[PDB]
Amino acid sequence: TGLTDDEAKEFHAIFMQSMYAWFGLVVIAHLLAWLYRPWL
Amino acid sequence: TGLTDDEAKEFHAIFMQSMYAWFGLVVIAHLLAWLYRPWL
Amino acid sequence: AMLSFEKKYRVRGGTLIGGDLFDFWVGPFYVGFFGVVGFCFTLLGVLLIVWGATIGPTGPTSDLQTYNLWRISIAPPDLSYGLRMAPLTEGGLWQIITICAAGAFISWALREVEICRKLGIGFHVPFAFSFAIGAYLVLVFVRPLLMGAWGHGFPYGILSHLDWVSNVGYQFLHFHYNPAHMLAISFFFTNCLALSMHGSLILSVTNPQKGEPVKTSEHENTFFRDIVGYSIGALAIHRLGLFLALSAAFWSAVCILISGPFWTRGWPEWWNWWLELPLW
Amino acid sequence: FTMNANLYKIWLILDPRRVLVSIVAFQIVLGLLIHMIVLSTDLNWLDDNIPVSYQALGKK
Amino acid sequence: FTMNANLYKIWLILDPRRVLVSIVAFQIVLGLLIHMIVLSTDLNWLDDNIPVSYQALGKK
Amino acid sequence: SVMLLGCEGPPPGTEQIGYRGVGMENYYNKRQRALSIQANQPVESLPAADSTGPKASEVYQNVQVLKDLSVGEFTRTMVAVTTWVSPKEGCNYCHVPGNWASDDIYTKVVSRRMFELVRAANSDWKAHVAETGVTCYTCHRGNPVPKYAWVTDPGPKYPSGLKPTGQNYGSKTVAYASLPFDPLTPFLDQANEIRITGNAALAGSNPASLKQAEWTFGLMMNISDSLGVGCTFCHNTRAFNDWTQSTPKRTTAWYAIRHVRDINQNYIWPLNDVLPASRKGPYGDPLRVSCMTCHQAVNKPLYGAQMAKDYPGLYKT
Amino acid sequence: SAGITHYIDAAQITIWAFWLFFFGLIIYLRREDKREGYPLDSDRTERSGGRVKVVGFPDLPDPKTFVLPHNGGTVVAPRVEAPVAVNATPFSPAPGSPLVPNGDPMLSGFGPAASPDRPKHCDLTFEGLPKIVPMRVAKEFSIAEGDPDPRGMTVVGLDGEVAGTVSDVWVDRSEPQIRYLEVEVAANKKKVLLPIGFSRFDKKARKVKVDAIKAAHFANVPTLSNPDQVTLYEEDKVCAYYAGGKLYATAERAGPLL
Amino acid sequence: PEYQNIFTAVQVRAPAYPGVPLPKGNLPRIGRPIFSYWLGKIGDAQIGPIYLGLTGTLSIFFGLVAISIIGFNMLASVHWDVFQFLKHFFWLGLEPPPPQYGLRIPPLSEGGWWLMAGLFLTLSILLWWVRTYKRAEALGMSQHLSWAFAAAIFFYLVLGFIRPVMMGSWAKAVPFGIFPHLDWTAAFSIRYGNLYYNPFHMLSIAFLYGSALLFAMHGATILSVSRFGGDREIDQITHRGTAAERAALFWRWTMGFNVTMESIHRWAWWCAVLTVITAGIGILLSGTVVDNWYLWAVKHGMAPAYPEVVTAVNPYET
Ligand code: BCL
Ligand code: BCL
Ligand code: BCL
Ligand code: BCL
Ligand SMILES: CC[C@H]1c2cc3[nH]c4c(c3C)C(=O)[C@H](C(=O)OC)c4c3nc(cc4[nH]c(cc(n2)[C@@H]1C)c(C(C)=O)c4C)[C@@H](C)[C@@H]3CCC(=O)OC/C=C(\C)CCC[C@H](C)CCC[C@H](C)CCCC(C)C
Ligand SMILES: CC[C@H]1c2cc3[nH]c4c(c3C)C(=O)[C@H](C(=O)OC)c4c3nc(cc4[nH]c(cc(n2)[C@@H]1C)c(C(C)=O)c4C)[C@@H](C)[C@@H]3CCC(=O)OC/C=C(\C)CCC[C@H](C)CCC[C@H](C)CCCC(C)C
Ligand SMILES: CC(C)=CCC/C(C)=C/CC/C(C)=C\CC/C(C)=C\CC/C(C)=C/CC/C(C)=C/CC/C(C)=C/CC/C(C)=C/CC1=C(C)C(=O)c2ccccc2C1=O
Ligand SMILES: COC1=C(OC)C(=O)C(C/C=C(\C)CC/C=C(\C)CC/C=C(\C)CC/C=C(\C)CC/C=C(\C)CC/C=C(\C)CC/C=C(\C)CCC=C(C)C)=C(C)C1=O
Ligand SMILES: COC(C)(C)C/C=C/C(C)=C/C=C/C(C)=C/C=C/C(C)=C/C=C\C=C(C)\C=C\C=C(C)\C=C\C=C(C)\C=C\CC(C)(C)OC
Ligand code: HEM
Ligand code: HEM
Ligand SMILES: [Fe+3]
Ligand SMILES: [Sr+2]
Ligand SMILES: [Sr+2]
Ligand SMILES: [Sr+2]
Ligand SMILES: [Sr+2]
Ligand SMILES: [Sr+2]
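Its PDB header attributes the entry to X-ray crystallography and lists the resolution as 3.300 Å.

This is the structure in structure tokens:
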């Protein structure tokens, strides 16, 4: 896939942390939403 | 499949443990779903 | 059996799925893995339409049961069932036959695809086919889903489905005013026009008056340029026709997609946005 | 109940990338399928509202 | 429930631009999707008239 | 743009009308259904009146309709007719001040006639009005002039050299369609023929014109719109004329059509000489009645609210 | 008695007439359908030594003659065509089995690479000048204002490698358009045709991609018996080669996927 | 990836073409050409010249007259308010003579403009017919178009003139307006008891669907064999190439049989002409022969029965 083995730990790192940040904003939204009007 | 006999040991390993991780997340979700709302 | 020039192309490989497993011909039809899935979907579909014809809406001995071809009809379940699977003898059958029809059309499309890979031709045909498959899906999958129940789908019967079209059409009072309907109808009519013009042309040049030789490209362009001051040219006319017919299918799909889910009022009323602009 | 495991050999016959995306796709679709099946049935969580149905918080 | 320290290799098999834009598409679609899922059920947040009815009582 | 344009969101409210697969179904906007319900709210009744007393015709001077009522009941009946027809104006709208028995103001000669109009309605038209019946509010809605009253209209202008298309215009009265824009005068005032379908497959015994078909189509668009529904509400479009395949609402609508012919012909046209120009169209014809007038886009005026049963003074004898 | 309803009305019998005219039409169209490829190839024919020429229903229509303009010839249909060996061998000896190309797949001239033997003459303008000729032979032609001139773009194959460069542009003298790209090949500076259908432009880069074959395969492009014109035989020959690469040019187009 | 032959990606120009030359008698050609880079984006960029003979001039002439009566009339219906004309245009129209008049030639203000516009339109369409036969002869070609145009003319004639004369009433022809003529269509089906049960209208519908099916299939094919110059259908018809071979084979391997580069053009040709010809027959029997198609379908047992779950009592029968 035209990457080096040196540049996929690098990519994997950025991918994982970014993905986790996204998941974080998601958890905030789901937390505010659960407070303002719990859905379960 | 242009893999070595060893890169079918490695891939198989990550495949299996990764998959087991998925099944794990699944047991987690199903557990929450059953406690809050048993379906059977 | 093969065409007198066919053996030289009947190569091995090109699949998507199956590989050498089903990589063979039967008579003139290509099988392939998707010919098998297709035949299975198809056969069960038809065999079930035969069983529905066998049982009838009130049982095999009642007067509504029938094997008359104009009248055999398999209809959806009531709306009360929503998106759930409904009992077999209450529209369940119709649901399964539908799953089989969608699966068969999709297998057929994928098998035309393996055939393009074998023959090495463009894949314009199965892509174009996929437009009819799409229209069929809106008429059984998308709309009835957006409408919270599978019963919004049309029944499978020669004239009864015509009746579906009729009363659904009439819930909007004057369907002709559906603007997407107006489009699709325009393409269906124009498509029918270009086709008659191309058809006529090819046949008018490769077979000209006795005393004349097969005609030329120069003739082709000169005739329609003579008549209407323009000729779109040979390649492109094949392009247009493909555009018209695929678009005609498109707009049929959208004109029905908006009739319910995105518009409930009569359709002529839609045109109000025009009489009320602040211009008049 | 025979003796050879060594079922890693499976990737010497089956292309890993394509198998990967195949499982991926199937999982998202099976996901949507199942979600639509339960949401259309009794175990429903949306057409309820906890602790009170919300458009019947005001009748007016 | 731990991280197989060679999971970076997933990027030797799956093309990064495609995985990325794919996630963006699937996510934006799901987003638009769910937003109208909820707006289409009892939990509506638009058609509530909060804190006061906004038109009037009619045309007046 | 070439804007885009006119649109509701999914999912619509839906109702199954005919048999599964026949396509006789109905779609509607849930939002707008709720707005129509708030706008089609009924006025609650006034407490029953005990009475127990003499009959109205014994204590009053000019009581030609609400005779057999007890005084109390008559008074109550007067309060309902007040809020129902002209509450911003009160009692004085139909009476000459200081003189309750006088007919020296037209709105009373009319009010009286409308007392016979509702009564005839509630007591003689149940195959149409059922047990919901009608009341002043039905048409008036706190208004002296039914907002949704009609008039025979002349359509848009024509030079002198040519005569009108009779159809072909943008009119909300034929559902925005181009059919003929006044399907009411010939059907809801006069009684011209609506039927055009033949009862024989082969021809030679049905003179219905295509034009007549279009008039029927226009009118039907009118009807549909007034009650706020589509043809599968009353018909099975494979056979518009087939009564066995129709819905019991076609029967009801049939009797309703005749009913509007009676309101318009023997209760409204006659009030034309005592009504002001302010209440008349370009031909001198007066504002009359249609289905919209009462239903105002709902299959049962005010979503089938039962108002009349509370005022016994609204029934014949 | 003035009511004897007849069960037969003009509508029935008009539906009858229609279906009869229909059947004759269908039949006829299927006859024009056998003006080529027929009689079919079975081992029914070979087993019987040929005593079962396969034609089916309906049958074959009497030949029709096309009189080509310009001292061109005369073609008939249906005709008797000389068999031609198959440059491949049966994947299985069972019938209906596909065949594997013999030798180097792009060279085989079998499969996506197969093609018939069209005349070894040229298609002609109305006047009779070689319809398809290069812009170097067709002086008048000219790029359309606002279109990158292909002349000078780099032709690049399926794997990335440069293939050659556009040395010219072939055009239709009958319906003015780019039909063929000319390619001065890198590996041997020989000039080859490249069908427009196989060529994608990358105007901002002045490249002309080609998914068909690899940069290298450009070395084996079938050749022209004259660099200032081309025959019908040669066109099929040129294109079919590239087409072969769609299934051959890689050890993966063969399919499967799973 | 691969060019799809949807959009000419790089064009070329050459001096315009006045065309193959016509014999003595066939008048000069007029106008001198131009190119549209954009038509060119998708097709022959050459625009014109055009041919105009006695025929062509008498047809353009009649046709524009007819267009004026319809239009002017529409402006009149809105009081010469070009604004209102613009506003309701879709709904504007010129209705036909009333029945009261039968087939008599009516007064200007009561339909006579329609009879004149109908008259002039028809003469102009049939003159364009003759035009295409002349333009088709000057080229030694055959009259395949003219046999189709003649079929569509057939439907037209059945709709606005033939059925009306047979029914003895100009009010039965179709009115000139967009929304008006849509309404005419619906009312037509309604008046004769639902046209869906008219066999001929079912066939015409199978044939309209078929023109879309065949042209989409064939057209997609020719593009898929565009790579081998399959668009060059003439020589693939005289001298079969691998385009016509791969083409016939795609379908052969798909649906079990196939046609040829020459014959597909006949299936397509015949399928289109059939639409209009079933179509016209369909309007011909309505009122002339059948008055209520649904009933007709019941008499021939073709209409399905469904359990009667909803029903209404007949007041006419009380
Ligand atoms: C009664 C039903 C309950 C409920 C019961 C369940 C149950 C039970 C399950 C879910 C599961 C899912 N539910 Mg739910 N769920 C509820 C209502 C919702 C609602 C909503 C608007 O109400 C939403 C949006 C969802 C959505 C979700 C998805 C996040 C999730 C996985 C489905 C899928 O497609 O797999 C997509 C497949 C993938 C492979 C993507 C995996 C993504 C997840 C979130 C983890 C990311 C890992 C990432 C892919 C790492 C890749 C490696 C890197 C490339 C290196 N649920 C209702 C209330 N839901 C499933 C789940 O979460 O599994 C634990 C599951 O088992
Ligand atoms: C009822 C009165 C209303 C009206 C109501 C409707 C309604 C309602 C609808 C239409 C639809 C359409 N109408 Mg209408 N319509 C009106 C009047 C007209 C008029 C006219 C002159 O008056 C015309 C020309 C049309 C024409 C059209 C098209 C615009 C469109 C249908 C094409 C289509 O669906 O493609 C789609 C094509 C397909 C779905 C076929 C797909 C093929 C599948 C994949 C494979 C089939 C395989 C099968 C097994 C083949 C059998 C082979 C066996 C194996 C041998 N209508 C009247 C006024 N009309 C329909 C539409 O919009 O389309 C969705 C629709 O829902
Ligand atoms: C058989 C059923 C009815 C009827 C059924 C329908 C239905 C159903 C529909 C139409 C619609 C239309 N009909 Mg019709 N229509 C009738 C017979 C006619 C006749 C005629 C003299 O016989 C004409 C001119 C038309 C014309 C039109 C087209 C304007 C339009 C769709 C375009 C198309 O297919 O173009 C192919 C042909 C061309 C591209 C050639 C050139 C076009 C010429 C110049 C059009 C002239 C009129 C033009 C509208 C005026 C100015 C332009 C406007 C800005 C658009 N109809 C028949 C009698 N017709 C469709 C629509 O939506 O619009 C109402 C539609 O839904
Ligand atoms: C309204 C509800 C009725 C309906 C009533 C009718 C009626 C009535 C008719 C059709 C007609 C047809 N219907 Mg229908 N139709 C229905 C629903 C449908 C449906 C559907 C999915 O439901 C479909 C697919 C169809 C399909 C069709 C077509 C198959 C067919 C006409 C083909 C055509 O273009 O002729 C149109 C082509 C022409 C008229 C020729 C055009 C050439 C002319 C001469 C061009 C001149 C151009 C002009 C000079 C240019 C200058 C412009 C000037 C300004 C005028 N209908 C329902 C049941 N339908 C025909 C029919 O069936 O009759 C039996 C017809 O007349
Ligand atoms: C999208 C633009 C146009 C188009 C294009 C199109 N259609 C196509 C193609 C293309 C390019 C093909 O290549 C493909 C083909 O094979 O060519 C004929 C196809 C096709 N066009 C066909 C149908 C078709 N296309 C239609 C229309 C259209 N298709 C548009 C006009 C129509 C209509 C309604 O006008 C029909 C009926 C098929 C003959 C063929 C695909 C055949 C196929 O997919 O076969 C596999 C399936 C079966 C053999 C049957 C499956 C068994 C089922 C379970 C039972 C049937 C269930 C069905 C839902 C019941 C409906 C009953 C009706 C009586 C109501
Ligand atoms: C298989 C049946 C299909 C079919 C076939 C068909 N149609 C045809 C033909 C055929 C075979 C022709 O030969 C003919 C044609 O020319 O094809 C391109 C035609 C035709 N198809 C057309 C229309 C048409 N066909 C339709 C339908 C169909 N026809 C079916 C789909 C439809 C529909 C229902 O949608 C339409 C709208 C026309 C373009 C053409 C017939 C043209 C014609 O008869 O002309 C009459 C008169 C005029 C156009 C008046 C001229 C007005 C000029 C355009 C203005 C130019 C003015 C200029 C500036 C001069 C100066 C003016 C001075 C007076 C000041
Ligand atoms: C128990 C068990 C095992 C069951 C037994 C199985 C049984 C019952 C066996 C019976 C087998 C038989 C008899 C048939 C099999 C049936 C099959 C599978 C179904 C057929 C499905 C099929 C698609 C039929 C459709 C038929 C029709 C009319 C399709 C419409 C398309 C059309 C109008 C057809 C004719 C025109 C065609 C084919 C054009 C294609 C075509 C086009 C479009 C070109 O452009 C072109 C250009 C240059 C050269 C050639 C061509 C060309 O051939
Ligand atoms: C030898 O071959 C031949 C020639 O070559 C010599 C000829 O020149 C000729 C003569 C032919 C001509 C002169 C052609 C004339 C063309 C006619 C009559 C067709 C009329 C069409 C129009 C007036 C155009 C109508 C359409 C528009 C104005 C654009 C509309 C745009 C819209 C609706 C929005 C765009 C978006 C969509 C439609 C939605 C998405 C679209 C799709 C999904 C369709 C996909 C299409 C493709 C192509 C892949 C013939 C007959 C011939 O056979
Ligand atoms: C402001 O505008 C200016 C430019 C003046 C002009 C504008 C004009 C415009 C915009 C006009 C617009 C016109 C439109 C949109 C017209 C639309 C017409 C449509 C859609 C018509 C659809 C169907 C019509 C049909 C089928 C009509 C059929 C009529 C026929 C066949 C009539 C036949 C009559 C004959 C042959 C007459 C015979 C007369 C005899 C000789 C018998 O008398 C003795
Ligand atoms: C609260 C306000 C009102 C009061 C107190 C009231 C009171 C009365 C009284 C006492 C009578 C009997 C007078 C007599 O004939 O001797 C009467 C008759 C009548 N009033 Fe009213 N009125 C009121 C409002 C209205 C309104 C609003 C209308 C019309 C919309 C109306 C229409 C009539 C008519 C038509 C009569 C004659 C009744 C008949 O012939 O049966 N009144 N009113
Ligand atoms: C917009 C689509 C509609 C169309 C095209 C339509 C068409 C027709 C037609 C053609 C007839 C006459 C049948 C014949 O010729 O014998 C008819 C009759 C009738 N329709 Fe409608 N209709 C529509 C909507 C409605 C609605 C919504 C109602 C009721 C609310 C309704 C109520 C009636 C009644 C009661 C009759 C019988 C009237 C009589 O016979 O005097 N229709 N309709
Ligand atoms: Fe073609
Ligand atoms: Sr039985
Ligand atoms: Sr305004
Ligand atoms: Sr709420
Ligand atoms: Sr507001
Ligand atoms: Sr509705």
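Don't stop here, the text continues.
**Q** Describe the side chain of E6 of chain C, listing the residues and the values that go with them.
**A** Along the chain, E6 of chain C turns up in the segment before β1 (25-26). Looking at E6 of chain C, its side chain comes within polar contact range of the side chain of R10 of chain C, at 2.4 Å.

**Q** Which residues make up the site of ligand 2, and what values do they have?
**A** Around ligand 2, 19 residues are found, and the nearest of them are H176, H181, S252 and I256 of chain C together with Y196 of chain H. Residues lining ligand 2 come from chains C and H. In this structure, a nitrogen atom belonging to ligand 2 sits 3.3 Å away from a side-chain N or O atom of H181 of chain C. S252 of chain C is positioned such that a nitrogen or oxygen atom in its backbone is 3.0 Å from an oxygen atom of ligand 2. Going through the elements one at a time, α3 (124-146), α4 (160-170), α5 (179-205) and α7 (234-258) of chain C are the ones with two or more residues in the shell around ligand 2. Here the shell around ligand 2 takes five residues from α3 of chain C, the largest share from any one element. Among the residues forming the shell around ligand 2, the class breakdown is 15 nonpolar, four polar and no charged. When residues are assigned to domains, the shell around ligand 2 turns out to be shared by domain 1 (1-171) and domain 2 (172-271) of chain C, each giving three or more.

**Q** I'd like a description of the UniProt feature "binding site: heme 4" in chain F, backed by residues and values.
**A** Residues and elements named next belong to chain F. Annotation from UniProt places "binding site: heme 4" at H128, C291, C294 and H295. Taking the farthest pair of C-alpha atoms as the criterion, the annotated set spanning 168 residues converges on one region, since that pair is 12.7 Å apart. One can find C291 in helix α10 (residues 291-295). Leave out the neighbours within four places in its chain, and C291 touches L188, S226, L227 and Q296. Locating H295 in the fold gives a position in helix α10.

**Q** Quick rundown of the interface of chain H and chain C? Include the residues and the values.
**A** Listed as interface residues are 102 residues of chain H and, on the opposing side, 94 residues of chain C. In total, about 8,900 Å² of surface goes out of reach between chain H and chain C, with carbon and sulfur atoms giving 68% of it. The three residues of chain H that bury the most area against chain C are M141, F215 and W253 of chain H, which together make up 11% of that side's buried surface. Taken together, the links from chain H to chain C amount to four salt bridges. A salt bridge links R29 of chain H to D226 of chain C; the nearest nitrogen and oxygen atoms lie 2.7 Å apart.

**Q** Any details on the arrangement of the chains? Residues and values, ideally.
**A** Pairwise contact counts over the 16 pairs of chains in contact peak for chains C and H. At the level of C-alpha atoms, the two units chain E and chain H stay apart, their nearest approach being 16 Å.

**Q** Give me the lowdown on the nonpolar core, citing residues and values where you can.
**A** Among the nonpolar cores identified, the biggest contains 80 residues, and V155, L194, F198, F218 and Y242 of chain G are the most heavily contacted of them. Apart from residues lying up to four places away in sequence, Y242 of chain G is in contact with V192, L193, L194, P195, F198, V210, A212, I213, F218 and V221 of chain G. Residues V140 of chain C, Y27 and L179 of chain F together with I190 of chain H belong to the second largest nonpolar core, which totals 47 residues.

**Q** Can you break down the pattern of salt bridges residue by residue, with the values?
**A** This model, assessed by the stated rule, comprises 58 salt bridges over all chains. The salt bridge partner of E73 of chain F is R76 of chain F, with a shortest N-O separation of 2.8 Å. Separated by three residues within a single helix, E73 of chain F and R76 of chain F lie in helix α3 (residues 71-85), roughly one turn from each other. The exposure class of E73 of chain F is buried, given its relative accessible area of 9%. Taken together, the shared-partner salt bridges in this structure form one network comprising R118, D123, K131, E235 and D236 of chain G together with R232 and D235 of chain H.

**Q** So what's going on with the coordination of the iron atom of ligand 10? Which residues, and what values?
**A** Residues and elements named next belong to chain F. Summarising the metal site, the iron atom of ligand 10 is bound by the protein donors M78 (SD) and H95 (NE2), whose distances to it range over 2.3 to 2.4 Å. Every donor counted, the six donor atoms about the iron atom of ligand 10 form angles of 77 to 169 degrees at the centre, which fits octahedral coordination. Of the two residues, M78 is situated in helix α3 and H95 in the loop between α3 and α4 (106-124); the sequence distance between them amounts to 17 residues. Given a relative accessible area of 15%, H95 falls into the buried group.

**Q** So what about the packing of α5 of chain C against α7 of chain C? Which residues, and what values?
**A** Residue and element names in this part refer to chain C. Contact pair α5 / α7: the axes reach a minimum separation of 8 Å and the direction vectors enclose 160 degrees. With respect to their mutual orientation, α5 and α7 come out roughly antiparallel. When you trace α5 past α7, the crossing you get is left-handed. Partitioned by chemical class, the residues of the contact of α5 with α7 number 16 nonpolar, eight polar and no charged.

**Q** An account of the site of ligand 4 is needed here, citing residue identities and associated values.
**A** Neighbouring ligand 4 are 24 residues; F189 of chain C together with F155, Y196, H201 and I283 of chain H lie closest to it. One chain alone does not account for the residues near ligand 4; they come from chains C and H. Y196 of chain H places a polar side-chain atom, nitrogen or oxygen, 3.0 Å from an oxygen atom of ligand 4. Between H201 of chain H and ligand 4, the recorded distance is 2.4 Å, taken from a side-chain N or O atom to an oxygen atom. For the shell around ligand 4, the secondary-structure elements that each account for two or more residues are α4 (112-137), α5 (144-167), α6 (178-191), α7 (199-224) and α10 (264-285) of chain H. Of the residues in the shell around ligand 4, the class split is 17 nonpolar, seven polar and no charged.

**Q** Can you lay out the environment of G32 of chain C for me, pointing to particular residues and giving the numbers?
**A** Residue and element names in this part refer to chain C. Relative to the elements of secondary structure, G32 occurs in the loop between β2 (29-30) and α1 (33-55). In this structure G32 comes out as buried when scored by relative accessible area, which is 0%. In the structure, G32 is positioned 17 residues away from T15 in sequence and 7.5 Å away in space, judged by C-alpha atoms. Those residues in contact with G32 that lie beyond four places of it in its chain are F22, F24 and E114.

**Q** An account of the UniProt feature "binding site: heme 3" in chain F is requested, with residue identities and associated values reported.
**A** Residue and element names in this part refer to chain F. According to UniProt, the "binding site: heme 3" feature falls on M220, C231, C234 and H235. The annotated residues occupy 16 residues of the chain but converge on a single region, no pair of C-alpha atoms lying more than 11.1 Å apart. Topologically, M220 is positioned in helix α8 (residues 210-227). Looking at the secondary structure, you find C231 in the loop between α8 and α9 (248-268).

**Q** Before we move on, could you go through the environment of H124 of chain C and cite the residues and values that matter?
**A** One can find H124 of chain C in helix α3. On the accessibility criterion, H124 of chain C (9% relative accessible area) is buried. Separated by 118 residues in the primary sequence, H124 of chain C and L242 of chain C place their C-alpha atoms 9.4 Å from one another. Ignoring sequence-local partners within four residues, the contact set of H124 of chain C consists of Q4, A220, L223 and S224 of chain H.

**Q** How would you sum up the environment of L126 of chain H? Please name residues and give values.
**A** All names here are of chain H. Looking at the secondary structure, you find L126 in helix α4. With a relative accessible area of 36%, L126 lands in the partly exposed category. Between the C-alpha atoms of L126 and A150, which are 24 residues apart in sequence, the distance is 8.6 Å.

**Q** Mind laying out the pairing of strand β9 (residues 178-185) of chain G, listing which residues take part and the relevant values?
**A** Residues and elements named next belong to chain G. Burial analysis of β9 places seven of its eight residues in the buried class, the great majority of the element. Sheet analysis places strand β8 (residues 162-172) next to β9, joined by seven bridges and oriented antiparallel. Bridging across to β9, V169 finds its partner in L181. Linking β8 back to β9 in an antiparallel pair, the connection comprises five residues. By the bridge criterion, five bridges tie β9 to strand β10 (residues 191-195) in an arrangement that is antiparallel. From the neighbouring strand, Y180 faces β10, where its bridge partner is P195.

**Q** Tell me about the packing of α1 of chain C against helix α2 (residues 92-119) of chain C, and name the residues and values.
**A** Packed helices, taken two at a time, are described by the angle their axes make and the gap between the axes. Residue and element names in this part refer to chain C. Across the interface, α1 lies against α2 with an axial gap of 8 Å and an inter-helix angle of 155 degrees. Accordingly, the angle class assigned to the pair α1 and α2 is roughly antiparallel. Taken as a pair, α1 and α2 cross one another with a handedness that is left-handed. Considered class by class, the residues forming the contact of α1 with α2 number 14 nonpolar, seven polar and two charged.

**Q** Could you give me a rundown of the packing of aromatic side chains, with the residues and numbers involved?
**A** By the definition in use, this model includes 69 aromatic pairs over all chains. For the ring pair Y136 of chain C and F154 of chain C, a centre distance of 6.2 Å and an interplane angle of 80 degrees mean the geometry is edge-to-face. Residue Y136 of chain C is located in helix α3, and its partner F154 of chain C is located in the loop between α3 and β4 (156-157); the two are separated by 18 residues in the primary sequence. A single burial state applies to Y136 of chain C and to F154 of chain C, both of which are buried. The interplanar angle of 85 degrees and the centroid separation of 5.4 Å between the aromatic rings of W254 of chain F and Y316 of chain H together place this pair among those described as edge-to-face. Taken together, the residues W254 of chain F in helix α9 and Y316 of chain H in the segment after α11 (293-299) connect one chain to another. Taking relative accessible area as the criterion, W254 of chain F reaches 17% and is therefore assigned buried.

About the cut-offs
Residues numbered from 1 in each chain as written, not as in the entry; some residues may be left out. Chains lettered and ligands numbered in written order. Part of a larger assembly, values for the part shown. Heavy atoms only, no water. Residues with missing side-chain atoms left out of burial classes, pairs and counts. Helix = DSSP H or I, 4+ residues; strand = E, 2+ residues; numbered from the N terminus. Polar contact = N/O pair within 3.5 Å; in protein donor to acceptor, adjacent residues only side chain to side chain. Near = heavy atom within 4 Å. Nonpolar A, V, L, I, M, F, W, Y, C, P; charged D, E, K, R; others polar. Domains from an automatic or database assignment. UniProt positions renumbered as here; feature names shortened; annotations may be inferred. Contact = heavy atoms within 4.5 Å. Buried area = accessible area lost by both parts, 1.4 Å probe. Salt bridge = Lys/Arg side-chain N within 4 Å of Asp/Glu carboxyl O. Core = buried A, V, L, I, M, F, W, Y, C linked by side-chain atoms within 4.5 Å. Buried < 20%, exposed > 50% of the residue type's maximum accessible area, 1.4 Å probe, protein only. Donors = N, O, S within 2.8 Å, 3.2 Å for Na, K, Ca; no water. Tetrahedral: all angles 85-135°; square planar, octahedral: opposite > 155°, others 65-115°. Axes fitted to C-alpha atoms, helices over the stretch in contact; angles between N-to-C directions. Parallel < 35°, antiparallel > 145°, perpendicular 65-115°, else oblique. Left-handed = near helix turned anticlockwise from the far one by under 90°. Pairing = 2+ DSSP bridges. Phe/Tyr/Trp six-rings, centres within 6.5 Å; stacked < 30°, edge-to-face > 60°.

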